[PDB]
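Asker: Protein chains in written order, with the entry's author numbering: chain G, 10 to 57; chain K, 20 to 87; chain C, 1 to 38, 42 to 105, 108 to 127, 264 to 317, 332 to 412, 416 to 504; chain 6, 1 to 33, 38 to 301; chain e, 274 to 364.
Encoded as C-alpha cells, here's the structure I'll be asking about.
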Amino acid sequence: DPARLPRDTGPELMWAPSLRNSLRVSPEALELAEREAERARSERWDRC
Amino acid sequence: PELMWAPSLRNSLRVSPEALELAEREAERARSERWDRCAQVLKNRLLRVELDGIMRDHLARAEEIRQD
Amino acid sequence: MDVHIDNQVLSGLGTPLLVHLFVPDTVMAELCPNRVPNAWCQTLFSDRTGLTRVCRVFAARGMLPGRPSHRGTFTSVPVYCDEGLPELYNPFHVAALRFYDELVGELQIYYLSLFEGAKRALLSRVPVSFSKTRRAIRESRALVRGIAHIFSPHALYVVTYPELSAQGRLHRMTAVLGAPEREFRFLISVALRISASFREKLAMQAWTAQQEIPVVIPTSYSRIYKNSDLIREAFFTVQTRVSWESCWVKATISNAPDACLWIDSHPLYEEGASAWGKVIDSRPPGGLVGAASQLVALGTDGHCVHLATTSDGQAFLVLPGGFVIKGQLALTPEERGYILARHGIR
Amino acid sequence: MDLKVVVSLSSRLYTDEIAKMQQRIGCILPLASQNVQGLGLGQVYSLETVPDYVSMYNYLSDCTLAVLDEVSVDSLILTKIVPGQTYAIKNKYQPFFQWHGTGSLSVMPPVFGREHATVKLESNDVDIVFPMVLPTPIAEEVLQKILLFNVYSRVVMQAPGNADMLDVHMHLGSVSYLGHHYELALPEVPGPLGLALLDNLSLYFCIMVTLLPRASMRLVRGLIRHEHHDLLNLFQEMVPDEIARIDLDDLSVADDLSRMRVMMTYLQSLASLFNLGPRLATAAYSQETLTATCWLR
Amino acid sequence: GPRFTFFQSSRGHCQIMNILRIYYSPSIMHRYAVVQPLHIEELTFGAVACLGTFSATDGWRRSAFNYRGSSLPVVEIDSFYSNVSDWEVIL
C-alpha cells in the first residue's frame, strides 16, 4: 500500500521523500539506448 | 501535476514470475556467441603468431641452401 | 635496463628461468587509467589447473626504451613451470602477472606469445654481480622485437640477448587447449548458481519488491520501464565478462580482512563498461549515515543495475527503483580456495 | 650567561587555556631561534600530514630545546637549553614513565597520540603539540619499533593475499614495559625522510653483510648442537640454511682481524646514526616530587 | 527510539497542533514506512503539553553548561512562569 506526493527537500531520517531520494530517469535517452542496443544484440544474433 | 509513489517497504515491483526463465536462456545463447567470437579472433591471433614460427624455421633451414 | 638485472638475481629461489620484457604505454591504458600502478607472478595451467606457488617481480615506469619506435615501461616474466627438465613447453598457456604499486589491474600473457618472440629475437674480497656484466656490451637493436599480443591485439616488446646457458637452452626449446577457457566458464557457473538463487528466492517469496533501500519513484515507472522489464537482469550474465575486478569474488577474498559491502555497477541497457567492485565503508568515522547516503545514491542511479555481495555469505541485487531481491552466496570451498590462491595467499 | 628568553604572543590568550598551560608547566617545547608560530611542533606535524615522526625528529634534533615554566596572558617565558647547565625537568606527560631506572633521558616526537601532547590556542593562528619525554631504553625500543613498523607495514601492503594486516599491529603493537603496555600512534605511509633513514640503514647493512667473522658461525652451530639456550629460543632448535651454506670454508684468523676492524668502525658509525635526537644525562632524579636535574650531554 | 523535543512559540494551542503536525510530517510517514501499524494503538504519534509562558521579547538567551569535562550548548528561558497542562495527542 503506497502513497502519492509532489515534492520535498533534504531529509535526515531516511524514509522521507526528498529531491535526493528520487531516481534520475530520462525516458527518451533510455528508450534510444535500449533500441540501439537491441539492434546491436540483433546483429550479435547472426554472427557465429 | 505529477505524482510519485511514496517510499515504503510495502511497495511492490510489477510482479514477474514468467519473464526470467526465457531470460537466462537468451543470455546463454548470447554469451556462447560472444565467447565463440572471442575464441575465434583469439585463435586468429594465435595462428598469426604461430605462422611466423614456421617462417623463422624456413629461414633457418635456408642456411643449408646458401652454401649449396 | 635495470629491472631485468633486478629480478634476475632475485627470483632464483622459486624460479629456475627468468624472461625479461617491455610493456608499451598504450597496451595497459585500458587496464588502469591515469598511470595509477607502478608485481606478482602466478602462472596457472591449461589442463593441470590446480594451484601453484607465487613469485614476486620488480619493475619500473617512466624510463624509456632504446627503441624510439615506442616509449614505455619495464616488466619481466618469470618462467618456472616445466617439471624437472625445462625442455618441454606448455602450449596455449596463460601466465598471470599482478602489476601494482598499492593490486589493481591484471596481466595475462601467453607462452607462445613469449617464446615465439624470444626465438624470433635470437684481506678478503667482494664478489661482483655476475649477470649485469654482459648486458652493457650488447646494446643492440636486434635484441628487441615486436610481438603481436594475443589478449589485447597490440605490440608487446620483449628483450633478450645471448646471455648464458639459461637463456641458451631457451632458444632450442619446443614441445608437442583450455587456459583462457576455464576462468570464464567458471565465472558463468557461479553467475548461474547466483541467478538460480535469485530465481528460487523470487519463487519462494511472493514475486514482490521489499524495497530495502528507500527511493521515491514516479507513477509512470510501470511505463518508462515496461511490464516485467527484466531484460537487464536477463543479459546480466553475458555482461559480466570480468570477475576479479567484479565485486562478486571481492567479498570472498575480503573474508580474511564484518559490516563491509562491495558493489558492482552495470548500466540499464548497454551504456558501457561502467565499473566493477567499488567500496562501501563502515570503519572510519564517516559512519553508517555516510554508508546510508552512498547507498541511497547507489539506489537512485536510475540507469545502472547494481549487484551487492556481503562477506558473511549473502548476495543482493539492486533494481534501479530501489527494489531489492535477496539471495544466497553459499559456494563450495574448493572454488573459494581456488579464488584466494588465484589472487594471493590463503 | 643568560637563559631567560621571553616570547610574546600576539593576541589575548583566552582564560580556558591558561588553566591547562598552568597544568603544562615545566614541560619541554622546541624553539625556532620572537614570533608565535613554530614554537612547538605544530608547523611540521599537523593534522594534514601523515605523522612520519622523522621530519619532526629532524626539527627537534636540529633545534635547541626549551623549557616552558611560566605562562601569562600575552607573554610567556621560555628558557633555552645550553650545554653545561643542569636543568630541572618535571615528568608531566600522561603516558606515565617513572624514572626508577634513573638513566639518561631522551626526547621523542608525540608518538603516543595527538591528544596527549596538544593544546588548542584560539588566540592566534597557532596550535602547539608537545615533544614526548621518556627514558633511553623505551625511547630506543619505540624508535626501532616505529622504523620496523614503517618498513614492514608497507611490505604487508605489498602482499596481494594480505590475509593478516592485524598481525603486526598486535604483535609489534604496544610498547614493552613492566608497569603496563602503552599503545602508540602508527602511520600507514613512512614518508620521504623515514625511507631516507631506512635507505642509509640498509646501506650500512649491505656494507656490513660483506664481512662476517667465520669463527662465530661455528660457535652458534656448536651451541645449537649443545643445549638450547634461553637466549637461543629464537632458533627453536634449527640451523638456518644460509649459515649452513656460508660455512663451506674453514676457520681463519688473518681476515678476522680486518673484518673486526671494519666492524668496529661501522658499528660506531651506526651508533652515531642511532644517537640521534638530543640527549640528557641525569643526576639524582628525585622520586617524591617528580623532578630531575639534567644537563645536555 | 522515542524523542523529547521542546518548542517555543507565540501561538495558540489550536495553532500549535496544526503547525506541529506540519513540522512532524516527515517523521509520521517515516514511521509509517518502516513499521506498519499492525495493531490499533501504534497510531498515536505522541502528544504535547503546555509547560507554561514567559516573556516573548527577552526569551531564550543562549548560554553554556559545563560539567567537569565537556560543554553542551544550552538555551536559557529566563524568568519563566510554570503552568502544566495535560497531554493532547499530535496524530
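Backbone N, C-alpha and C define an ideal beta-carbon position, used for all residues, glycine too.
1) Is the distance from the Cβ of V155 (chain 6) to the Cβ of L109 (chain 6) below 8 Å?
2) Under 9 Å, CB to CB, which of the residues in the region 148-180 of chain 6 have a partner in chain C?
3) Output, in chain order, the set of chain B residues within a Cβ distance shorter than 8 Å of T458 (chain C).
4) What span of residues does the beta strand (DSSP E) with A92 (chain 6) cover, start to end?
5) Where does the unbroken beta strand (DSSP E) through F338 (chain e) begin, and where does it stop?
6) Can you confirm whether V308 (chain e), when its beta carbon is compared against all beta carbons of chain G, has any partner nearer than 8 Å?
7) Have a look at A296 (chain C), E105 (chain C), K273 (chain C) and flag the residue whose alpha-carbon is nearest the alpha-carbon of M28 (chain C).
8) Any idea what DSSP makes of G485 (chain C), helix, strand or coil?
9) Should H312 (chain e) be labelled buried (16 or more other beta-carbon atoms within 10 Å of its own) or exposed?
10) For the structure I just gave you, are there three or more beta carbon pairs, one from the region 16-31 of chain G and one from the region 448-466 of chain C, closer than 8 Å?
11) Can you find a C-beta in chain C that's less than 8 Å from the C-beta of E43 (chain G)?
12) At which residue ranges does the region 261-296 of chain 6 contain complete beta strand (DSSP E) runs of 3 or more residues, listed in the order of the chain?
13) Given this structure, state the Cα-to-Cα distance separating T53 (chain 6) from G46 (chain 6), to the nearest angstrom.
14) Kindly say whether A38 (chain G), judged by its beta-carbon, lies nearer than 8 Å to any beta-carbon of chain e.
15) So which of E493 (chain C), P425 (chain C), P373 (chain C), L91 (chain C) has the shortest CA-CA distance to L385 (chain C)?
16) Check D56 (chain 6) in the structure and name its three-state DSSP category.
17) Closest by CA to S281 (chain C), which one among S377 (chain C), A346 (chain C), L264 (chain C), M1 (chain C)?
18) Against chain G, which members of the region 283-303 of chain e pass a CB distance test of less than 9 Å?
19) According to DSSP, simplified to helix, strand and coil, what is residue 9 (chain K)?
20) Can you give me the Cβ contacts of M169 (chain 6) inside the same chain, cut-off strictly under 7 Å, excluding the 5 residues immediately before and after it?
21) Going by DSSP in three states, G448 (chain C) sits in which element: helix, strand or coil?
22) If you drop the 5 nearest sequence neighbours on each side, which residues of the same chain put their C-beta closer than 6 Å to that of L39 (chain K)?
23) Would you mind telling me which residues of chain C sit closer than 9 Å to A12 (chain G), beta carbon to beta carbon, in chain order?
24) Using 8 Å as the limit for Cβ to Cβ distance, is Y340 (chain e) near chain K?
25) What residues from the region 53-65 of chain K come within 7 Å of chain C, judged by C-beta to C-beta, listed N to C?
26) Given this structure, state the Cα-to-Cα distance separating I142 (chain 6) from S180 (chain 6), to the nearest angstrom.
27) I need the DSSP call for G165 (chain 6), collapsed to helix, strand or coil.
28) Please report the distance separating the alpha-carbon of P244 (chain 6) from that of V224 (chain 6).
29) Report the rounded CA-to-CA distance for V362 (chain e) versus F100 (chain 6), giving the unit in angstroms.
30) Does the pairing of the region 24-32 of chain 6 with the region 431-450 of chain C give three or more beta-carbon distances under 8 Å?
31) Against residue 35 (chain 6), what residues of chain C qualify as contacts under a CB-to-CB distance less than 7 Å, listed in chain order?
32) Taking the DSSP output, what are the residues bridged to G53 (chain C)?
33) As an exercise, report each continuous beta strand (DSSP E) stretch of at least 3 residues that is fully enclosed by the region 266-307 of chain C, in chain order.
34) Judging by CA-CA distance, which residue of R441 (chain C), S423 (chain C), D439 (chain C) is the nearest neighbour of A433 (chain C)?
35) Is the region 289-309 of chain C touching the region 114-126 of chain C in the sense that three or more CB pairs, one from each, lie closer than 8 Å?
36) Three or more C-beta pairs under 8 Å: does that hold for the region 89-103 of chain C against the region 310-317 of chain C?
Answerer: Checking against the coordinates, here is how it stands:
1) Numbered from 1 along the fourth sequence, position 151 holds the residue referred to as residue 155 (chain 6). Numbered from 1 along the fourth sequence, position 105 holds the residue referred to as residue 109 (chain 6). Contact: no.
2) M161, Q162, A163, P164, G165, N166, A167, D168, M169, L170
3) Among the protein chains in the structure shown, which are G, K, C, 6 and e, there is no chain B.
4) Translated into positions along the fourth sequence, residue 92 (chain 6) becomes position 88. 90-94 is the span of the beta strand (DSSP E), which, as asked, contains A92 (chain 6).
5) For the purposes of this step, residue 338 (chain e) is taken as the residue at position 65 of the fifth sequence. 334-339 is the span of the beta strand (DSSP E), which, as asked, contains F338 (chain e).
6) Counted from its first residue, the fifth sequence places residue 308 (chain e) at position 35. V308 (chain e) does not count as touching chain G.
7) Here residue 28 (chain C) refers to the residue found at position 28 of the third sequence. Closest option to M28 (chain C), Cα to Cα, is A296 (chain C).
8) Start at 1 with the first residue of the third sequence, and residue 485 (chain C) comes out as number 327. The answer is strand: DSSP assigns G485 (chain C) an E or B state.
9) Translated into the one-based positions of the fifth sequence, residue 312 (chain e) becomes position 39. With fewer than 16 other Cβ atoms within 10 Å, it is exposed.
10) yes
11) By 1-based counting over the first sequence, the position of residue 43 (chain G) is 34. Yes, its Cβ sits closer than 8 Å to a Cβ of chain C.
12) 283-290
13) Along the fourth sequence, read from residue 1 onward, the residue named residue 53 (chain 6) stands at position 49. Along the fourth sequence, read from residue 1 onward, the residue named residue 46 (chain 6) stands at position 42. Distance between the alpha carbons of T53 (chain 6) and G46 (chain 6) is about 11 Å.
14) As a first step, residue 38 (chain G) is located in the first sequence; it is residue number 29 there, counting from the start. No, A38 (chain G) does not count as interfacial toward chain e.
15) For the purposes of this step, residue 385 (chain C) is taken as residue 230 along the third sequence, with counting starting at 1. If we check each option's Cα against that of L385 (chain C), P425 (chain C) comes out closest.
16) Locating residue 56 (chain 6) in the fourth sequence gives position 52, where the first residue counts as 1. It is coil, neither helix nor strand.
17) Looking up residue 281 (chain C) in the third sequence gives position 140. Nearest C-alpha to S281 (chain C): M1 (chain C).
18) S298, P299, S300, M302, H303
19) With chain K represented from 20 up to 87, any question about residue 9 (chain K) goes unanswered, as that position is not in the structure.
20) Within the fourth sequence, numbered from 1, the residue matching residue 169 (chain 6) stands at position 165. The residues are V160.
21) The residue labelled residue 448 (chain C) in the question sits at position 290 within the third sequence. Here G448 (chain C) sits in helix by DSSP.
22) For the purposes of this step, residue 39 (chain K) is taken as the residue at position 20 of the second sequence. Answer for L39 (chain K): no residue qualifies.
23) Locating residue 12 (chain G) in the first sequence gives position 3, counting from the first residue. Correct list: empty, because the minimum Cβ distance to chain C is about 10 Å.
24) Numbered from 1 along the fifth sequence, position 67 holds the residue referred to as residue 340 (chain e). No, because no Cβ of chain K sits closer than 8 Å to the Cβ of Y340 (chain e).
25) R53, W54, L61, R64, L65
26) As a working mapping, residue 142 (chain 6) is identified with position 138 in the fourth sequence. As a working mapping, residue 180 (chain 6) is identified with position 176 in the fourth sequence. Spanning the two alpha carbons is a distance of roughly 7 Å.
27) By 1-based counting over the fourth sequence, the position of residue 165 (chain 6) is 161. In this structure, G165 (chain 6) counts as coil in the three-state DSSP scheme.
28) Here residue 244 (chain 6) corresponds to residue number 240 of the fourth sequence, with the count starting at 1. Here residue 224 (chain 6) corresponds to residue number 220 of the fourth sequence, with the count starting at 1. Distance between the alpha carbons of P244 (chain 6) and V224 (chain 6) is about 11 Å.
29) Here residue 362 (chain e) is taken as the residue at index 89 of the fifth sequence, counted from 1. Here residue 100 (chain 6) is taken as the residue at index 96 of the fourth sequence, counted from 1. So the alpha carbons of these two residues sit roughly 57 Å apart.
30) no
31) Residues lacking coordinates in chain 6 include everything strictly between 33 and 38, among them residue 35 (chain 6).
32) On the third sequence, residue 53 (chain C) is found 50 positions in, with the first residue counted as 1. In DSSP, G53 (chain C) forms no bridge with anything.
33) 285-289, 296-300
34) As a working note, residue 433 (chain C) is residue 275 in the third sequence. Measuring from the Cα of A433 (chain C), the nearest candidate turns out to be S423 (chain C).
35) yes
36) yes
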